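A lone chain, given as C-alpha cells: the form solved without the ligand.
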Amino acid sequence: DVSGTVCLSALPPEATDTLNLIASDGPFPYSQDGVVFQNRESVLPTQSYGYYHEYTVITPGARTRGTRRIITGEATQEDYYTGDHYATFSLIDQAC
C-alpha cells in the first residue's frame, strides 16, 4: 500500500533535484539510476515488469546512495517517494 500523498515541497529538496533529472532524461549521478524497479513485494500496485523505474534521492553526507529513492510509474504524473529503502512509499504531488 501507499501511505498517502505528499507535496513535492514537503519532501527533501534533493527530491526536486531527482525529478528534474528524470525530466531531462539525465544525466544521473548513480549508475543504478533508471533501473527497473521490480516491486517484488507489491507494496506499489502490481504492474508489468518495466512499469516502474528507480532513481536515487541523494542524502546529504551519505557516503553513497543512502535509502531515499523516487520510483516512477509509467502513467503520466505518477511518482512515489520512499525514505526507507522501499519499505514504504508516498505518492508525490508536483503541484504543491
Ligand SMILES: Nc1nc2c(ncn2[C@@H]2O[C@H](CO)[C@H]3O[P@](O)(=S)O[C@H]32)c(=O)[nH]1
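A residue's number is simply how far along the shown sequence it sits, counting from 1.
Omitted from view is the form solved in complex with the ligand, to which the following refers.
In summary, the binding site of this form is open: after superposition of the surrounding C-alphas, the ligand from its pose in the deposited complex has no atom within 2.4 Å of backbone or C-beta atoms.
Residue contact check for residue 86: one or more of its heavy atoms lie within 4.5 Å of the ligand in the deposited complex. In the deposited complex, at least one heavy atom of residue 37 sits within 4.5 Å of a heavy atom of the ligand.
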